[PDB]
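Quick note: numbers below take in every heavy atom, side chains included, and nothing from hydrogens, waters or symmetry partners. Each chain gets a letter, A, B and so on, in the order its sequence line appears, and its residues count up from 1.
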Amino acid sequence: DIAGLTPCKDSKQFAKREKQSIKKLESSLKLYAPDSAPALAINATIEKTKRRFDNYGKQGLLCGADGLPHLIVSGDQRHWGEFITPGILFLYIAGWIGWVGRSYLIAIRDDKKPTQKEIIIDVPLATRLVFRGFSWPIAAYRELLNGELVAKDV
Amino acid sequence: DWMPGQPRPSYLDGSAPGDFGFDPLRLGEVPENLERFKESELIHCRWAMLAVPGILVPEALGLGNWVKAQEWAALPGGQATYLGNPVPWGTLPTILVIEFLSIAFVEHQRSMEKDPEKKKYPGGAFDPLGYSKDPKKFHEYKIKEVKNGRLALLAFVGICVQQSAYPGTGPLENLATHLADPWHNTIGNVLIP
Amino acid sequence: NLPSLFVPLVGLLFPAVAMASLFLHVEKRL
Amino acid sequence: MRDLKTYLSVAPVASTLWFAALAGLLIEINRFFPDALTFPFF
Amino acid sequence: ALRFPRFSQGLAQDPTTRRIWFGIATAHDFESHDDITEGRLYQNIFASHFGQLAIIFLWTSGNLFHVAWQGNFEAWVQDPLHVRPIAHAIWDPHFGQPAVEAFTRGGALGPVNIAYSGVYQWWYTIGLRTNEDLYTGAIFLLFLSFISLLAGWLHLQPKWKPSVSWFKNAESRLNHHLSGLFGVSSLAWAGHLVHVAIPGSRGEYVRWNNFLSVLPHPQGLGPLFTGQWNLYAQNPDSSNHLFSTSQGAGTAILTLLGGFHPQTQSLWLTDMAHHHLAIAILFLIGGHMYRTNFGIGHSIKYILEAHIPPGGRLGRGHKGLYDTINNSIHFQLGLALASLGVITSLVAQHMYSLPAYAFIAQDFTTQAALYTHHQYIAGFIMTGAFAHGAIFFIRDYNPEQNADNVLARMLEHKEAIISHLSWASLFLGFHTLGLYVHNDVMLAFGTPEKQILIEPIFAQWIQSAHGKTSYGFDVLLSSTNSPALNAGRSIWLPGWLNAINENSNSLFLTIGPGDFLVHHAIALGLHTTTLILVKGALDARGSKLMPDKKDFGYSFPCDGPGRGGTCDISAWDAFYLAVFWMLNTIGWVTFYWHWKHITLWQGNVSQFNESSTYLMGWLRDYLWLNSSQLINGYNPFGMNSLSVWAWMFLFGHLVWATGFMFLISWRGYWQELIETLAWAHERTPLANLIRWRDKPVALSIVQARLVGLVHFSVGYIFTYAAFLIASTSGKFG
Amino acid sequence: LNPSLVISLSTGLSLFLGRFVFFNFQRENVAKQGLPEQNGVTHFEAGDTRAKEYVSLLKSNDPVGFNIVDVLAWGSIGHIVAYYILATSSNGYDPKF
Amino acid sequence: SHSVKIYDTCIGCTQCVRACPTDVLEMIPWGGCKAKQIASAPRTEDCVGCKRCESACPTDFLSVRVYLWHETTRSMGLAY
Amino acid sequence: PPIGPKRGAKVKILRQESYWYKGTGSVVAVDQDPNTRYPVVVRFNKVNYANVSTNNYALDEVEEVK
Ligand code: CLA
Ligand code: CLA
Ligand code: CLA
Ligand code: CLA
Ligand code: CLA
Ligand SMILES: CC1=C(/C=C/C(C)=C/C=C/C(C)=C/C=C/C=C(C)/C=C/C=C(C)/C=C/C2=C(C)CCCC2(C)C)C(C)(C)CCC1
Ligand SMILES: CC1=C(/C=C/C(C)=C/C=C/C(C)=C\C=C/C=C(C)/C=C/C=C(C)/C=C/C2=C(C)CCCC2(C)C)C(C)(C)CCC1
Ligand SMILES: CC1=C(/C=C/C(C)=C/C=C/C(C)=C\C=C\C=C(C)\C=C\C=C(C)\C=C\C2=C(C)CCCC2(C)C)C(C)(C)CCC1
């Protein structure tokens, strides 16, 4: 497929890895009575392994000759779940955090002792401000247009 | 005004030919550059006004389109055909040396004159019919040339972009393809494959 | 044969002479 | 009481509470949605 | 003056041992010497240049002499792939018998060192065949060294010493350097290729005696002047060709084939002759650009004055830069070192991928050694380039004469520059380290399938663009309908596409996620080293912590413990800090190269591909695994030829660690200690009969930074060199 | 195909252009750009003994001022174009359309 | 010997002199500030270069400057 | 007549070697005695690297800003 890779659903090496992992955990499982709690734990790890490989196979991940997923970050629309979509989620959260922290710093900057609220958090003010991050992209875009985002002549 | 509701630039009062107040990048902020731009704009407008029919008319006839009419020079023994006639000098180095000397001389003659108003509208030998008679009608003809030439430039852009969107086409071949089924033959298919 | 002459020449005699000479130049007083 | 809430608002304590909540959250998310190299919902 | 150093009265009057040390470390900083003038400055530099050239000629002459007198050259020419070349003989009276035995190799009569510089392949490729040829070379170079000393001596006497106005005639020097130094030299080299090297490649031994009888081409000279040059490209060598023989030999002297010689795995000699001829023409025609004595050409000053964009986004543009650069030797040295460092890395990257010497690509220890060599040289050269940018800003920069031009605007928005270099370095660092650590945790917990392995799809797409088929992207040169493929099918593309898709060579090696990660580490190192050096240069004239820094010079200890503490606030200190990051960066580069190749040469490319995505893989499957033969170079059970590399390996480990002392311990500790020692000496009978002429003191603050950086670097280089050469040569593959 | 023909044509045309076409442009540009100068003054006035330009060779009884240096420059161009067309004609190179 | 200079930004608070451990600096009369005194460095041959004076100056930027220069027995603080 | 800016006025520091260069501060008192070379006393919101928050400046080193 892309970059000479093959889908992990079609990869012999991928299935060989799932097989060798499961047989490894079963080799550990042969040591304990099947009713015992170590046994149930190793069974849970086995079920979680099958869930892992089956999900990677389902969601269309490409594999290398190593039998391991490789991520396509070029922007190819078949693989936005591998970077572009979690990336937009990240930028939303990071923009949220930074926008909220900036809101707090602006809110306390004209206090009589600003540093006082930087080492002892004004939690009521913080709670008032945390949900501004929900609309941070509109707020920051509007500030960029209005000229409130950047300090003048710095 | 090109865009109703928008404040015209400070340096565009509307007096110039074809001045509708369009310079959103303020590229004419410096006056010297603006004058140079009026000259160069007229040069492009006139090259385009000559080149558009030279592209279309041989296509309406049996001759190839504007792209095919350049193709003999790619192959080594190439000889041109003007109206189906294998013109003898049609080899690429011949007409290439010819074109370099002739074009270089003429255009460089334009480089060595600085009126600067003659660099836009020289006239004289280039106005033998004397359409510069009535300065009102001559200025209206300036608006005439500028709008005609801008139109020709836009058309040329359409020809090149259509040529990229349909390699080995003709503007009139594209037009006929559209006239067949206008609702299913559109730029929409090129914008949306 | 020649290395048996020049290896001690540049590895023993030359460093001794250069170090002694540079020592003298460096400790001189005009 | 007021002084104690003040102490609990101080930088290290607010940090332990905040990151402890964040850790419990991320742990539980990886508990119900383990592994996951991708955003599968598209 | 009155004693050493005679160029510094302030140092000669020092009663401490410092006087000696600083006399050595300041001997070449002419601008700081007593009674210095501009004329003396330029003249001392010029003579020093002749002295350097003499050193270089004498050094190459020595290499020639030793290969001819103690080496394998004649035997090596007959069997390039089964004779280990000999650098020189070993006469060490400290050898036991086992060392005499184990180092006696390469078919020699006593202990010898195997050369890993690759001079055998080079001299063989250019036409040298006999030890006699090598002796003629060595005597010729000894001669050239002597005439270098002669000219350097000559231009120090009056009427032979040039005026500074002559040194500042930039247009003339550029015309002669481009047209003559670059162009004519290249043209002559094409001459040597077609008259000597290509004949020697076809079995003809052409020397000074017979080179007038022999024709380089059967029709030669006449198709050149007619303008039908293709007769020179007519009959190339056959794809079945033996390099020292007339089998498969053609008659062509100038080709554009594009690949490698199938036997030697190196570039075609006719290709190289054609290359030097063509670029020689470009340099000749380009060396007529600037104005001298004939009323035609450019005023570089006028061109610089002319390049000022309207709208003023660059202010006054490049106005005043001609004097700013021509009057500042540090600006010139900075540009020279920057460019020279770039093309040094370029040489490193192109000599492993496109080998130009016969039978050098099969010598793996040599290819590794040369790549490492030139990458470390390139690094040091880059750090120096920035160092002299800073020194320029302090000593030569005239703010009023560069007012509002591009150069001053660098200083004017230095915080945006420095802050964004900081951002890029932090992003690269956070995420490259984060992905490596994630992958290491996945492999620790036994779930390699959970790694984050990002395909280097952009570089892969570029390799496809070059015609590599490994990734199936079907773009230009990788696609049949591409105009770029059609345009070159008749020329270089058959040989090129043949070479790039051969799996044995290093031409655009196949890349995967492990290459992605290390490439981002390399980006991190370039950005951080660049951040340190750029901040150092732009803050050299001052900061908010030290606004008057320009008044204190390039190198000073600090500004005391006031204002918060000011250690390592000088620009020199920024260089000193950046050298560590350069050693780190080139360490990553060379680790990368050597591991990828050592796995390629073993047919075990997969080991790199799978193990390079987590850092334990690098620690265990590269360093630990390949130290095996090295660390056994000597042991309780005996020795072998690798012992010199085992010893050296520890030597570096020692020197490096010694450096840590000077870097962690600072001065006052040692000064008080030395005071107790002075007391001890004066109060010890018999010994107090002996008195020191120079008061023993602890090394200076800056001096300790330098000494410790030097130990750190010597240990760094010697350690990695021992491991590189022992791990490759021990396997030779 | 004939070297004397192509070289003579190209060099004659180059000398011709430089003489009757591009001469004024050449001179006004070499005049406004002027002699190279260090620290606000020419290299020779600054003290470079060998930076004095040669006014003897630049004198020509050619009415417009065309001299030996002009001949050398334009003739060089004509020979470079000439050997370009010669070498490029004997190629046999043809791109695949 | 190290060079030491005073700049007319000096406000005459005397702290550089009080800080100096070798007595390099003095207070001399002057008319440029309210304290009517300015510092001076008449004994820089005894200056050891510790910059305690600079640590003591309240002026922004400093009004004492120590330019470490040619080393002597006195400037290296040697008792031997 | 009073020399220098009004007390309490915000001024922009023009002294390039000042920690507060191109920043602003509040005027405290302007010493009207001539021969005083740096009569303007400015207090600042942030301490400099010497933990000092006030400094004297010349008349041409302060620019009154509202
Ligand atoms: C400049 C490059 C160079 C280098 C790095 C070496 C390195 C070496 N040489 Mg060689 N040598 C050289 C040039 C060089 N040589 C030249 C040009 C000649 C004359 C043809 C010789 C002739 C020579 C002989 C006969 C012998 C060596 C030997 C050796 C080895 C032991 C060192 C020694 O005996 O002192 C070197 C002895 C010399 C005579 C060298 C001086 C030759 C010229 C004039 C160098 C200029 C020296 C100058 C006064 C100081 C300049 C400092 C430096 C830049 C050179 C050593 C590995 C010995 C050996 O092989 O041991 C196994 C040995 O017997 N050398
Ligand atoms: C392994 C050794 C090491 C490491 C990790 C670093 C790390 C760094 N150096 Mg440094 N450096 C080193 C050696 C090292 N250096 C040496 C030997 C020298 C010579 C003295 C220098 C001299 C030097 C200079 C002069 C500069 C740097 C710079 C930097 C930063 C570069 C930007 C970056 O990569 O983003 C961040 C990268 C990291 C690797 C940070 C790692 C830590 C992460 C964030 C862990 C996260 C915390 C985690 C939750 C655990 C919490 C622990 C808990 C107890 C709180 C970075 C923090 C440059 C800089 O400041 O960049 C702006 C800079 O100018 N270095
Ligand atoms: C309000 C918090 C905040 C904001 C909005 C920014 C914003 C910015 N920082 Mg900064 N920074 C911060 C905190 C913040 N920083 C802290 C706490 C530190 C010390 C650890 C730094 C250290 C730092 C460095 C070294 C650099 C930046 C840089 C930058 C710029 C580039 C983005 C970046 O590299 O992020 C990187 C972010 C970090 C390295 C750490 C951020 C710490 C957390 C995630 C944010 C703080 C949260 C805060 C506690 C919120 C309080 C909640 C409140 C409502 C009560 C950007 C304008 C770079 C720059 O100059 O760009 C040109 C750069 O070089 N920052
Ligand atoms: C064409 C290249 C070139 C040129 C001509 C110069 C020229 C100059 N440099 Mg520069 N520089 C360069 C490249 C260059 N440099 C490079 C590549 C670097 C990066 C390493 C630097 C970094 C640099 C700094 C930081 C400084 C200079 C300084 C100077 C000036 C004085 C040097 C001096 O007198 O000290 C004399 C030099 C020595 C006595 C050398 C002894 C120390 C060396 C490094 C130890 C050798 C290693 C060891 C012995 C190897 C043997 C190991 C053994 C086990 C085998 C001088 C004008 C200094 C200066 O004047 O600043 C204004 C200054 O501080 N340079
Ligand atoms: C055609 C006339 C001419 C020529 C041949 C030279 C030649 C030279 N000049 Mg000179 N110069 C000239 C005219 C000329 N100059 C004039 C007219 C002036 C007055 C305006 C000057 C004034 C001048 C000064 C002030 C100085 C020089 C210097 C130099 C030397 C530079 C050092 C060097 O070796 O680099 C050699 C360069 C090359 C070999 C070409 C570039 C190398 C490339 C970029 C890298 C390698 C290419 C290739 C891959 C190599 C393969 C490697 C393999 C073979 C191992 C050099 C030999 C400097 C010097 O060293 O003084 C002695 C110096 O200080 N020149
Ligand atoms: C500080 C300072 C300084 C210094 C600086 C430096 C040191 C710099 C550097 C730098 C560098 C180090 C740079 C680099 C660069 C590069 C570039 C700029 C590139 C180019 C490119 C291109 C454009 C290419 C292209 C191409 C081709 C041609 C073909 C193939 C493909 C490609 C695309 C690749 C000075 C002295 C000056 C002054 C003072 C200050
Ligand atoms: C008297 C007279 C006349 C005449 C004139 C004439 C006849 C002229 C001549 C002139 C000429 C006729 C000139 C020429 C030429 C020049 C030059 C200067 C040259 C050159 C060449 C070159 C430079 C080359 C190069 C090369 C080489 C060598 C190698 C490779 C190839 C090439 C090309 C690169 C007339 C009547 C008109 C007018 C009156 C007067
Ligand atoms: C698409 C894509 C891609 C690409 C990318 C790129 C190439 C980009 C660019 C980008 C860029 C080139 C950007 C820029 C920037 C600039 C600036 C100028 C900035 C800024 C920022 C700011 C201003 C911020 C602010 C804030 C906020 C908003 C929130 C938080 C707080 C703060 C304040 C921080 C790749 C292939 C990779 C992957 C796939 C997808």
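Residue-environment remark: CZ (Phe143(E)) stays at or below the threshold of 12 foreign heavy atoms within 6.0 Å. Atom CG of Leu5(F) has more than 12 heavy atoms from other residues, nucleotides or ligands within 6.0 Å. Within a 6.0 Å radius of CD in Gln26(F), other residues, nucleotides and ligands contribute more than 12 heavy atoms. More than 12 heavy-atom neighbours from other residues, nucleotides or ligands sit within 6.0 angstrom of CZ on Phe211(E). In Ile285(E), the CD1 atom is not crowded: 12 or fewer heavy atoms of neighbouring residues, nucleotides or ligands sit closer than 6.0 Å. For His307(E), the NE2 atom counts as loosely surrounded, since its 6.0 Å shell holds 12 or fewer non-hydrogen atoms of other residues, nucleotides or ligands. Annotation: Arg110(B), atom CZ; neighbour count of heavy atoms from other residues, nucleotides and ligands within 6.0 Å is above 12. Enclosure of atom CD in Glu32(B) is not indicated, since only 12 or fewer non-hydrogen atoms of other residues, nucleotides or ligands lie within 6.0 angstrom.
Residues that satisfy the side chain to side chain contact (heavy atoms under 4.5 Å, CB included) test with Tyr121(B), not counting sequence neighbours, are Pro17(B), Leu42(B), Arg46(B), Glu117(B), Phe138(B), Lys142(B), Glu145(B), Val146(B).
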Please tabulate, for side-chain N and O atoms in residues 276-284 of chain E, each donor-acceptor pair with protein atoms closer than 3.5 Å (sequence neighbours left out).
from: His276(E); atom 1: ND1; to: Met272(E); atom 2: O; distance (Å): 2.5

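Annotation: side chain of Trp229(E) is not in contact with side chain of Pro223(E) (no heavy-atom distance under 4.5 Å). In this structure, the side chains of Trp160(E) and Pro162(E) stay at 4.5 Å or more apart for every pair of heavy atoms.
Legend: salt bridge (charged side-chain N to carboxylate O under 4.0 Å, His left out) pairs involving residues 3-25 of chain F, not counting sequence neighbours, sorted by first then second residue: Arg19(F)-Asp62(F).
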Could you walk me through whether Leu86(F) and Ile7(F) pass the side-chain contact (heavy atoms from CB on, under 4.5 Å) test, one step at a time? CA-CA 9 Å; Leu86(F) 290 176; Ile7(F) 295 169; 4.0 Å; yes
In sequence, state the C-alpha distance, the side-chain angles, and the governing distance for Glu171(E) and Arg291(E), and then conclude on salt bridge (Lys or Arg N to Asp or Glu O under 4.0 Å). CA-CA 6 Å; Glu171(E) 288 77 351; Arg291(E) 177 161 178 178; over 6 Å; no
Steps toward ring-ring contact (aromatic ring centres under 6.0 Å, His included) verdict (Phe182(E), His177(E)): CA-CA 6 Å; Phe182(E) 280 83; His177(E) 282 187; 7.7 Å; no
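With salt bridges taken as basic N to acidic carboxylate O contacts below 4.0 Å, one links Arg395(E) and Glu31(E). One finds a salt bridge joining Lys119(B) and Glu39(B) here, because a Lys/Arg side-chain nitrogen approaches an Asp/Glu carboxylate oxygen to under 4.0 Å. Taking 4.0 Å as the cut-off between side-chain N and carboxylate O, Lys118(B) and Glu113(B) do not count as a salt-bridged pair. Taking a cutoff of 4.0 Å between a charged side-chain nitrogen and a carboxylate oxygen, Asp323(E) and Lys168(E) do not qualify as a salt bridge.
Expressed to the nearest 0.5 Å, how far OG of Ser163(E) lies from CG of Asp48(F) amounts to 5.5 Å.
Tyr397(E) and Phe393(E) have perpendicular rings, their planes meeting at more than 60° on a 0 to 90° scale where under 30° would count as parallel.
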